[PDB]
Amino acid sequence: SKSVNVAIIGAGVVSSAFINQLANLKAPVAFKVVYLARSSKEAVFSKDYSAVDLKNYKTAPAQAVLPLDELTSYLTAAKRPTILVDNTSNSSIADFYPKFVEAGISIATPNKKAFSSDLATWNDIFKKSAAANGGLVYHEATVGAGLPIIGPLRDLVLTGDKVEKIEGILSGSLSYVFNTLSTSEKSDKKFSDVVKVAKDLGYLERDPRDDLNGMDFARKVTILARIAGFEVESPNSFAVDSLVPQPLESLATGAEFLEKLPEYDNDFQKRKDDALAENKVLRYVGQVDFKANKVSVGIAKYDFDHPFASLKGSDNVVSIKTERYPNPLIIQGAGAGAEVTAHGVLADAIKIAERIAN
(Lines of atoms letter the chains of each structure in order from A and count residues from 1; the text may use other names and numbers.)
(Lines give C-alpha, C1' and ligand atoms only; values in the text may rest on other atoms or scores of the structure.)
Protein backbone atom coordinates (compact mmCIF):
# COMPACT_ATOMS: atom_id res chain seq x y z
CA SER A 1 0.00 0.00 0.00
CA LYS A 2 2.85 2.37 0.83
CA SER A 3 4.77 3.79 -2.12
CA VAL A 4 7.84 5.81 -3.08
CA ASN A 5 9.01 7.40 -6.32
CA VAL A 6 12.29 6.21 -7.83
CA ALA A 7 14.68 7.94 -10.23
CA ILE A 8 17.34 5.62 -11.68
CA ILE A 9 20.50 7.06 -13.25
CA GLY A 10 22.49 4.10 -14.56
CA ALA A 11 24.69 2.95 -17.41
CA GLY A 12 26.34 -0.47 -17.29
CA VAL A 13 25.55 -3.98 -16.11
CA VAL A 14 25.18 -2.85 -12.48
CA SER A 15 22.26 -0.67 -13.55
CA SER A 16 20.90 -3.49 -15.72
CA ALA A 17 21.06 -5.98 -12.84
CA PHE A 18 19.50 -3.41 -10.50
CA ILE A 19 16.49 -2.75 -12.74
CA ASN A 20 15.90 -6.48 -13.21
CA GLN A 21 16.04 -7.22 -9.48
CA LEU A 22 13.80 -4.19 -8.91
CA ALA A 23 11.27 -5.38 -11.50
CA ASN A 24 11.05 -8.83 -9.88
CA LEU A 25 10.97 -7.43 -6.33
CA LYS A 26 8.21 -8.76 -4.04
CA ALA A 27 8.24 -6.42 -1.04
CA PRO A 28 5.73 -4.61 1.20
CA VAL A 29 6.64 -1.08 0.09
CA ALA A 30 5.86 -0.49 -3.58
CA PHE A 31 8.38 1.23 -5.86
CA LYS A 32 7.27 3.50 -8.72
CA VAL A 33 10.00 4.45 -11.19
CA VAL A 34 9.29 7.90 -12.63
CA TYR A 35 12.70 8.68 -14.17
CA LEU A 36 15.17 6.28 -15.79
CA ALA A 37 18.27 7.45 -17.66
CA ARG A 38 19.39 4.67 -19.99
CA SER A 39 22.63 6.33 -21.12
CA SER A 40 24.34 9.71 -20.67
CA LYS A 41 21.96 11.23 -23.26
CA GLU A 42 18.57 9.45 -23.06
CA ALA A 43 16.06 9.18 -20.22
CA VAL A 44 12.56 7.70 -19.96
CA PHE A 45 9.97 9.73 -18.04
CA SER A 46 6.49 11.20 -18.43
CA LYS A 47 5.15 14.65 -17.62
CA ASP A 48 2.42 13.12 -15.42
CA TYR A 49 4.91 10.93 -13.49
CA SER A 50 3.53 7.74 -15.01
CA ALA A 51 5.33 4.58 -13.94
CA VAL A 52 8.19 3.58 -16.24
CA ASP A 53 7.59 0.04 -17.48
CA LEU A 54 10.78 -1.72 -16.40
CA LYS A 55 10.03 -4.62 -18.75
CA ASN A 56 10.32 -2.47 -21.89
CA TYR A 57 12.28 0.63 -20.86
CA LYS A 58 14.91 -0.15 -23.51
CA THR A 59 12.49 0.45 -26.40
CA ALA A 60 10.29 3.03 -24.67
CA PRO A 61 10.14 6.58 -26.07
CA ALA A 62 13.13 8.50 -24.74
CA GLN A 63 14.03 12.18 -24.41
CA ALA A 64 17.16 14.17 -23.61
CA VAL A 65 18.44 13.66 -20.07
CA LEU A 66 17.16 16.22 -17.59
CA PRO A 67 20.01 18.31 -16.14
CA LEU A 68 20.55 17.76 -12.43
CA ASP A 69 18.97 21.14 -11.63
CA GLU A 70 15.85 20.31 -13.64
CA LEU A 71 15.75 16.69 -12.46
CA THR A 72 15.61 17.90 -8.85
CA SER A 73 12.66 20.21 -9.52
CA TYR A 74 10.99 17.50 -11.62
CA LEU A 75 11.21 14.98 -8.77
CA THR A 76 10.14 17.54 -6.16
CA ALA A 77 6.98 18.54 -8.06
CA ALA A 78 5.57 15.01 -7.76
CA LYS A 79 4.96 15.62 -4.01
CA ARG A 80 5.95 12.05 -3.15
CA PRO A 81 8.82 10.54 -1.14
CA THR A 82 11.52 9.90 -3.74
CA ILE A 83 14.72 7.86 -3.82
CA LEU A 84 17.60 8.65 -6.18
CA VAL A 85 19.53 5.58 -7.34
CA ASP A 86 22.95 6.64 -8.68
CA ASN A 87 24.23 3.49 -10.40
CA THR A 88 27.21 5.31 -11.98
CA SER A 89 30.66 6.42 -10.87
CA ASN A 90 30.13 9.91 -12.28
CA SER A 91 32.01 12.62 -10.40
CA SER A 92 29.60 15.27 -11.71
CA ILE A 93 26.50 13.50 -10.37
CA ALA A 94 28.26 12.93 -7.04
CA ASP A 95 28.97 16.67 -6.83
CA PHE A 96 25.19 17.24 -6.82
CA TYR A 97 24.43 15.07 -3.77
CA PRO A 98 24.07 18.05 -1.34
CA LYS A 99 21.41 19.60 -3.57
CA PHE A 100 19.48 16.32 -3.70
CA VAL A 101 19.62 15.92 0.08
CA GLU A 102 18.26 19.40 0.87
CA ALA A 103 15.32 18.89 -1.52
CA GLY A 104 14.24 15.80 0.46
CA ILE A 105 15.52 13.30 -2.11
CA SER A 106 17.05 10.14 -0.64
CA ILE A 107 20.09 8.51 -2.24
CA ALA A 108 21.08 4.85 -2.58
CA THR A 109 24.29 4.47 -4.54
CA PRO A 110 27.35 2.32 -5.19
CA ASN A 111 29.18 5.45 -6.36
CA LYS A 112 31.94 6.37 -3.91
CA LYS A 113 33.03 9.66 -5.50
CA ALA A 114 31.12 11.84 -3.02
CA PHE A 115 32.20 9.77 0.01
CA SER A 116 35.92 9.63 -0.87
CA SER A 117 36.45 13.27 -1.86
CA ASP A 118 37.50 15.99 0.58
CA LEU A 119 36.45 15.68 4.21
CA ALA A 120 34.33 18.83 3.88
CA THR A 121 32.08 17.21 1.26
CA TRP A 122 31.65 14.16 3.50
CA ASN A 123 30.61 16.32 6.46
CA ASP A 124 28.35 18.37 4.17
CA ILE A 125 26.33 15.40 2.87
CA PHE A 126 25.44 13.87 6.23
CA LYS A 127 24.91 17.19 8.03
CA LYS A 128 22.21 18.07 5.50
CA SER A 129 20.96 14.48 5.72
CA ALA A 130 20.59 14.80 9.49
CA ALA A 131 18.76 18.12 9.11
CA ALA A 132 14.97 18.22 9.14
CA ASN A 133 13.42 16.90 5.91
CA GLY A 134 16.89 16.07 4.61
CA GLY A 135 17.15 13.04 2.37
CA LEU A 136 18.59 9.77 3.60
CA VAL A 137 21.97 8.61 2.28
CA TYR A 138 22.60 4.84 2.14
CA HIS A 139 25.81 3.68 0.45
CA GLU A 140 26.45 0.08 1.50
CA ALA A 141 27.50 -0.95 -2.01
CA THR A 142 30.46 1.47 -2.02
CA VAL A 143 32.59 -0.92 0.08
CA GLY A 144 32.49 -4.66 -0.58
CA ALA A 145 29.44 -4.48 -2.91
CA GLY A 146 26.54 -6.28 -1.15
CA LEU A 147 28.68 -7.52 1.74
CA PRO A 148 27.37 -6.23 5.11
CA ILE A 149 30.29 -3.95 6.02
CA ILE A 150 29.13 -0.31 6.19
CA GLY A 151 25.80 -1.10 7.85
CA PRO A 152 27.15 -3.18 10.73
CA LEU A 153 30.02 -0.71 11.17
CA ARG A 154 27.66 2.25 11.57
CA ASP A 155 25.59 0.36 14.15
CA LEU A 156 28.83 -0.26 16.06
CA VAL A 157 29.68 3.45 16.19
CA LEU A 158 26.10 4.53 16.91
CA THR A 159 25.61 2.29 19.97
CA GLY A 160 28.87 3.44 21.60
CA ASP A 161 31.49 0.87 20.57
CA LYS A 162 35.01 2.16 19.85
CA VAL A 163 36.84 0.71 16.85
CA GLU A 164 40.62 0.38 17.13
CA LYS A 165 41.68 -1.64 14.05
CA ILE A 166 40.21 -2.18 10.58
CA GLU A 167 42.02 -4.52 8.18
CA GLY A 168 40.66 -5.55 4.81
CA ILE A 169 41.12 -6.85 1.28
CA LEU A 170 38.60 -4.56 -0.45
CA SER A 171 39.62 -5.05 -4.11
CA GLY A 172 38.43 -8.15 -5.94
CA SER A 173 40.97 -7.86 -8.75
CA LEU A 174 43.95 -7.34 -6.44
CA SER A 175 42.72 -10.09 -4.11
CA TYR A 176 42.80 -12.49 -7.06
CA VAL A 177 46.34 -11.44 -7.99
CA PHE A 178 47.82 -12.08 -4.54
CA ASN A 179 45.78 -15.20 -3.71
CA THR A 180 46.95 -16.80 -6.97
CA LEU A 181 50.53 -15.60 -6.44
CA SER A 182 51.32 -16.00 -2.72
CA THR A 183 50.26 -19.10 -0.77
CA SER A 184 51.85 -21.15 2.00
CA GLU A 185 53.66 -23.38 -0.53
CA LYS A 186 56.68 -22.74 -2.72
CA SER A 187 55.76 -21.20 -6.06
CA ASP A 188 57.46 -19.83 -9.17
CA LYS A 189 54.45 -17.99 -10.62
CA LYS A 190 55.47 -14.55 -11.84
CA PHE A 191 53.74 -11.29 -10.97
CA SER A 192 53.45 -10.22 -14.61
CA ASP A 193 52.00 -13.60 -15.62
CA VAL A 194 49.16 -13.43 -13.09
CA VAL A 195 48.47 -9.79 -13.98
CA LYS A 196 48.22 -10.71 -17.66
CA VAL A 197 45.86 -13.64 -17.02
CA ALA A 198 43.79 -11.53 -14.60
CA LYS A 199 43.42 -8.92 -17.35
CA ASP A 200 42.10 -11.35 -19.98
CA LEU A 201 39.80 -13.05 -17.45
CA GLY A 202 38.18 -9.68 -16.66
CA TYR A 203 39.53 -8.92 -13.18
CA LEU A 204 41.84 -6.12 -14.34
CA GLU A 205 41.00 -3.48 -16.92
CA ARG A 206 42.55 -3.55 -20.39
CA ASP A 207 45.14 -1.21 -18.85
CA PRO A 208 45.87 -2.80 -15.44
CA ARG A 209 47.63 0.28 -14.02
CA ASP A 210 44.23 1.78 -13.17
CA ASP A 211 43.68 -1.10 -10.73
CA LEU A 212 47.31 -1.59 -9.68
CA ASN A 213 47.79 1.95 -8.32
CA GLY A 214 45.48 1.07 -5.41
CA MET A 215 43.52 4.33 -5.66
CA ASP A 216 40.13 2.61 -5.86
CA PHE A 217 41.21 0.52 -2.87
CA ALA A 218 42.19 3.75 -1.09
CA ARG A 219 38.76 5.30 -1.67
CA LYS A 220 37.07 2.41 0.15
CA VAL A 221 39.57 2.63 3.02
CA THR A 222 38.74 6.34 3.28
CA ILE A 223 35.02 5.55 3.58
CA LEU A 224 35.48 2.98 6.35
CA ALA A 225 37.90 5.28 8.19
CA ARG A 226 35.46 8.21 8.20
CA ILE A 227 32.59 6.04 9.42
CA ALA A 228 34.84 4.68 12.17
CA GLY A 229 35.94 8.13 13.39
CA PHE A 230 39.34 8.43 11.65
CA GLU A 231 38.59 11.66 9.76
CA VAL A 232 40.84 11.34 6.71
CA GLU A 233 41.13 14.38 4.45
CA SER A 234 41.26 12.50 1.14
CA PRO A 235 42.52 9.22 -0.38
CA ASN A 236 45.72 11.14 -1.24
CA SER A 237 46.35 12.07 2.41
CA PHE A 238 47.88 8.71 3.40
CA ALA A 239 50.34 6.13 2.10
CA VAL A 240 49.09 4.12 -0.88
CA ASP A 241 51.84 1.84 -2.23
CA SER A 242 51.12 1.45 -5.94
CA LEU A 243 51.78 -1.99 -7.39
CA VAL A 244 52.87 -0.30 -10.64
CA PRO A 245 56.68 -0.05 -10.53
CA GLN A 246 57.90 3.55 -10.58
CA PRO A 247 59.79 3.53 -13.94
CA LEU A 248 56.65 2.29 -15.73
CA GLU A 249 54.10 4.99 -14.86
CA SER A 250 54.98 7.38 -17.71
CA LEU A 251 54.19 4.78 -20.38
CA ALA A 252 51.12 5.98 -22.26
CA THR A 253 49.81 2.66 -23.61
CA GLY A 254 49.02 -0.56 -21.79
CA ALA A 255 50.94 -2.78 -24.21
CA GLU A 256 54.19 -1.04 -23.24
CA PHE A 257 53.43 -1.57 -19.55
CA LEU A 258 52.66 -5.28 -20.01
CA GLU A 259 55.85 -5.61 -22.08
CA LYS A 260 58.19 -4.08 -19.48
CA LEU A 261 56.47 -5.41 -16.35
CA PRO A 262 58.11 -8.90 -16.53
CA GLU A 263 61.55 -7.36 -15.94
CA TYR A 264 60.44 -6.64 -12.35
CA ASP A 265 59.23 -10.17 -11.57
CA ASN A 266 62.65 -10.93 -10.05
CA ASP A 267 62.09 -8.24 -7.42
CA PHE A 268 58.67 -9.65 -6.52
CA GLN A 269 59.88 -13.27 -6.50
CA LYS A 270 62.56 -12.46 -3.92
CA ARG A 271 60.10 -10.51 -1.76
CA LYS A 272 57.56 -13.35 -1.84
CA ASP A 273 60.28 -15.91 -1.09
CA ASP A 274 61.63 -13.69 1.69
CA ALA A 275 58.26 -13.68 3.46
CA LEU A 276 57.77 -17.39 2.75
CA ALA A 277 61.13 -17.98 4.45
CA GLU A 278 59.65 -16.49 7.64
CA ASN A 279 56.39 -18.44 7.14
CA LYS A 280 54.15 -15.63 5.89
CA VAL A 281 52.14 -14.78 2.78
CA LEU A 282 51.91 -11.45 0.97
CA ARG A 283 48.61 -9.56 0.83
CA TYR A 284 47.66 -6.14 -0.54
CA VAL A 285 45.69 -4.76 2.40
CA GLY A 286 44.20 -1.52 3.66
CA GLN A 287 44.53 -0.66 7.34
CA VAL A 288 42.81 1.87 9.59
CA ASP A 289 44.89 1.69 12.77
CA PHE A 290 43.61 3.96 15.54
CA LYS A 291 46.30 2.64 17.90
CA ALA A 292 49.14 3.42 15.48
CA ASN A 293 47.29 6.57 14.28
CA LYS A 294 47.86 5.27 10.76
CA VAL A 295 45.83 4.75 7.58
CA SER A 296 47.67 2.87 4.86
CA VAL A 297 47.17 0.74 1.75
CA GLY A 298 49.94 -1.61 0.70
CA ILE A 299 51.52 -5.04 0.85
CA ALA A 300 51.62 -6.70 4.27
CA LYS A 301 52.72 -10.08 5.63
CA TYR A 302 50.35 -12.52 7.32
CA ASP A 303 50.92 -15.85 9.07
CA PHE A 304 49.80 -19.05 7.38
CA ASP A 305 46.91 -19.57 9.83
CA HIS A 306 45.74 -15.94 9.65
CA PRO A 307 42.24 -15.50 8.18
CA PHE A 308 43.68 -13.48 5.28
CA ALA A 309 46.07 -16.30 4.32
CA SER A 310 43.14 -18.60 3.45
CA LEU A 311 41.29 -16.29 1.04
CA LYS A 312 40.34 -18.04 -2.20
CA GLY A 313 40.14 -16.32 -5.57
CA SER A 314 38.76 -12.78 -5.60
CA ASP A 315 37.06 -12.89 -2.19
CA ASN A 316 37.00 -9.68 -0.20
CA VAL A 317 37.43 -9.65 3.58
CA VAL A 318 37.33 -7.04 6.34
CA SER A 319 38.45 -7.39 9.96
CA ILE A 320 36.91 -4.97 12.48
CA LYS A 321 38.59 -4.99 15.91
CA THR A 322 36.76 -2.85 18.48
CA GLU A 323 36.47 -2.40 22.24
CA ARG A 324 33.54 -4.83 22.45
CA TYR A 325 35.22 -7.15 19.90
CA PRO A 326 38.74 -7.92 21.17
CA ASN A 327 38.71 -10.75 18.66
CA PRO A 328 37.62 -8.89 15.53
CA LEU A 329 34.39 -9.17 13.60
CA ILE A 330 35.35 -10.73 10.26
CA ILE A 331 33.20 -10.55 7.12
CA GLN A 332 34.28 -12.08 3.81
CA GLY A 333 32.79 -12.93 0.45
CA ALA A 334 32.44 -11.66 -3.09
CA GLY A 335 33.11 -7.92 -2.99
CA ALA A 336 32.37 -7.22 -6.66
CA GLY A 337 30.08 -8.32 -9.47
CA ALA A 338 27.00 -6.93 -11.17
CA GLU A 339 24.41 -8.92 -9.22
CA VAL A 340 25.99 -8.64 -5.76
CA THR A 341 26.49 -4.90 -6.25
CA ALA A 342 22.88 -4.43 -7.39
CA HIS A 343 21.79 -6.41 -4.32
CA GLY A 344 23.59 -3.98 -2.02
CA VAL A 345 21.98 -1.00 -3.74
CA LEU A 346 18.49 -2.52 -3.74
CA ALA A 347 18.78 -3.54 -0.08
CA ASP A 348 19.66 0.06 0.81
CA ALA A 349 16.78 1.44 -1.27
CA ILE A 350 14.35 -0.91 0.50
CA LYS A 351 15.56 0.26 3.92
CA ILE A 352 15.04 3.88 2.83
CA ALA A 353 11.58 3.05 1.47
CA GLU A 354 10.50 1.43 4.75
CA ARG A 355 11.36 4.72 6.49
CA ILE A 356 9.93 7.34 4.10
CA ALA A 357 7.05 5.65 2.24
CA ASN A 358 3.45 6.69 2.91
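All residue numbers are counted from 1 along the displayed sequence.
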- Do the CA atoms of 294-302 or those of 59-67 have the higher mean B-factor in the entry? 59-67
- Query: Would 30-38 or 311-319 have the larger average of its C-alpha temperature factors, as given in the entry?
  - Reply: 30-38
- Out of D155, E256, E164, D216, residue topping the C-alpha B-factor column of the entry: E256
- Message: Just the C-alpha B-factor column, please: which of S171, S92, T88, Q287 has the biggest number?
- Response: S92
- Sorting the chain's modelled residues by C-alpha B-factor, tell me whether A51 ends up in the lowest, middle or highest third. middle
- Message: Split into thirds by Cα B-factor across the chain's modelled residues, where does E278 land: lowest, middle or highest?
- Response: highest
- Note on the structure: On the chain's distribution of Cα B-factors, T341 falls within the third called lowest
- Item | Third of the chain's Cα B-factor distribution that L248 belongs to, per the entry | highest
- Item | Where the record places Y138 (Cα B-factor, split into thirds across the chain) | lowest
